[PDB]
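We count ligands from 1, going down the list as the structure has it; atoms in each ligand are counted the same way. Numbers here simply count residues along the sequence, with the first being 1.
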Amino acid sequence: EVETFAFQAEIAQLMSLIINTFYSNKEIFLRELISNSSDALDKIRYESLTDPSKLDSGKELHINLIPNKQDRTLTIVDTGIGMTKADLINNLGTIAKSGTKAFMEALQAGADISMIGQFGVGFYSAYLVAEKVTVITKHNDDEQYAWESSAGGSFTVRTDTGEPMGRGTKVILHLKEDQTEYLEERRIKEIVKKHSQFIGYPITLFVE
Ligand SMILES: CC(C)c1cc(C(=O)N2Cc3ccccc3C2)c(O)cc1O
């Protein structure tokens with residue numbers, strides 16, 4: 001069973017801006033996803049301090065970067081808190097309506113696209129490089145779900161019968177044809193060092 005949803009008009013607008021604005025500094029997408037992963041890992045870590053059973057779905061708190069040149073995908077995996085069905089539908093747990101509004105106001109007053117993450121809508125920077133994004137997620141309080149969107153105003157949600165993950169979020173970037181540099185090991189290392197050097201969790205870059 002696949003449910004199709006319309007993005008709120010503001011989010012559809014934000015996505016169209018990201019996809020259609022000329023902006024060469026696309027590499028910032030990765031730091032935005034690593035930042036989201038790090039936030040989700042902080043959440044599970046903090047909740048686990050009063051309830052250790054929250055880590056029964058996995059004790060390791062980490063980030064994996066998985067390039068696949070055959071599929072032309074870059075996948076960002078974490079073992080953070082994950083998201084419920086309600087969170088996914090509600091703009092992947094972001095303050096997207098108010099954040100978009102504030103972001104647009106900032107862009108009028110001298111901000112640029114790289115500042116997207118300051119407004120809580122950094123996830124959408126995935127569309128700088130990806131023609132389609134798949135989000136697989138597992139929260140302790142819910143079952144596993146796949147969110148998907150190629151933009152164009154809509155997204156889908158279905159139950160994911162997996163590859164079960166114990167807990168966390170997997171972001172699969174189906175890269176645009178001209179963005180395959182982000183599958184190269186030396187390029188990924190360079191971007192992690194430039195923008196995400198000092199992060200509170202291990203980042204493992206998988207080799208092919
Ligand atoms: C898709 C994107 C928004 C994203 C989400 C997560 C995620 O699971 N969460 C849950 C959570 C709880 C508190 C604070 C932030 C977050 C983000 C993720 O792990 C990675 C992502 O790219």
Side-chain angles (χ1 to χ4, degrees), residues 5 7-8 10-11 14-15 18 27-51 54-55 57-58 60-67 73-100 103 116-130 132-151 155-158 160 162-175 182 188 191-192 195-196 199-204:
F5 298 87
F7 291 113
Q8 283 171 283
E10 294 84 2
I11 288 63
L14 176 71
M15 294 171 77
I18 290 157
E27 74 190 37
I28 66 88
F29 83 86
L30 186 59
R31 75 160 184 222
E32 299 305 330
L33 302 176
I34 291 172
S35 182
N36 288 347
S37 288
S38 181
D39 293 352
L41 288 157
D42 291 349
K43 185 62 173 289
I44 191 62
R45 226 292 70 113
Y46 193 74
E47 280 198 11
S48 73
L49 297 174
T50 57
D51 185 356
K54 299 253 175 114
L55 298 177
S57 45
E60 304 168 79
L61 297 188
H62 67 250
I63 307 171
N64 298 153
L65 308 178
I66 316 181
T73 57
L74 179 64
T75 298
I76 300 74
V77 195
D78 68 69
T79 58
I81 197 134
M83 286 176 287
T84 64
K85 200 197 186 192
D87 282 9
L88 269 183
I89 291 166
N90 189 18
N91 302 309
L92 305 94
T94 69
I95 52 149
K97 191 177 198 194
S98 58
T100 298
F103 182 46
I116 189 172
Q118 295 167 26
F119 298 97
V121 289
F123 164 69
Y124 301 95
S125 74
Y127 291 89
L128 293 165
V129 299
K132 181 173 85 194
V133 181
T134 312
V135 180
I136 313 298
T137 192
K138 177 67 178 68
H139 191 282
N140 280 156
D141 297 342
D142 208 340
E143 304 295 336
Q144 191 164 302
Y145 280 105
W147 176 109
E148 197 163 71
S149 184
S150 297
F155 63 93
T156 63
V157 177
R158 59 171 171 83
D160 186 44
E163 309 146 63
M165 324 158 76
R167 184 200 60 255
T169 297
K170 180 189 313 186
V171 181
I172 311 170
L173 308 177
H174 305 269
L175 293 176
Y182 302 109
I188 297 158
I191 295 159
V192 168
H195 298 292
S196 305
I199 289 288
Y201 303 95
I203 297 171
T204 305

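Between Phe103 and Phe119, the angle of the ring planes lies from 30° to 60°, which puts this pair in the tilted group. Note on ring orientation: taking the six-membered ring where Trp is involved, the planes of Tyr124 and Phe7 are perpendicular (angle over 60°, cut-offs 30° and 60°).
Each of the atoms 1 (C), 3 (C) of ligand 1 lies under 4.0 Å from some heavy atom of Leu92. Applying the 4.0 Å criterion to heavy atoms of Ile81 picks out, from ligand 1, the atoms 10 (C), 11 (C), 12 (C). Taking every heavy atom of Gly82 and a limit of under 4.0 angstrom, the matching atoms of ligand 1 come to 8 (O), 10 (C). Near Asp78, with a cut-off below 4.0 Å to any heavy atom, the atoms of ligand 1 are 18 (C), 19 (O), 20 (C). Short contacts between ligand 1 and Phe123, defined as distances under 4.0 Å to a heavy atom of the residue, involve ligand atoms 1 (C), 2 (C), 3 (C).
Here the CG-CG distance, from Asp42 to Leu61, works out to 9.5 Å after rounding to the nearest 0.5 Å.
Minimum interatomic distance between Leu41 and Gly80 (heavy atoms only, all atoms of both residues): CD2-N, 3.5 Å.
Compare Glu32, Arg167, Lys43, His139 by their heavy atoms: the one nearest to atom 13 (C) of ligand 1 is in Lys43.
Screening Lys170, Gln144, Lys138 for a side-chain hydrogen bond (donor to acceptor under 3.5 Å, both in side chains) with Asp160, the sole residue that qualifies is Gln144.
Looking at atom 9 (N) of ligand 1, its nearest protein heavy atom turns out to be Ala40 CB, 3.5 Å. Nearest protein neighbour of atom 6 (C) of ligand 1, counting heavy atoms only, is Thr169 OG1, 3.8 Å. Counting protein heavy atoms only, atom 4 (C) of ligand 1 is closest to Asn36 CB, 3.9 Å. Here the protein heavy atom with the shortest distance to atom 5 (C) of ligand 1 is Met83 CE, 3.7 Å. With respect to atom 15 (C) of ligand 1, the closest heavy atom belonging to the protein is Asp39 CB, 3.7 Å.
Looking at residues two or more places apart in sequence or on another chain, you find a side-chain hydrogen bond (donor to acceptor under 3.5 Å, both in side chains) between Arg167 and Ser57.
Salt-bridge annotation for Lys85 and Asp87: absent, with no side-chain N of the basic residue lying under 4.0 Å from a carboxylate O of the acidic one.
Between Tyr127 and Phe29, a ring centre-to-centre spacing not shorter than 6.0 Å is recorded.
Here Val171 has side-chain heavy atoms under 4.0 Å from ligand 1, and that is the only part of it that gets that close.
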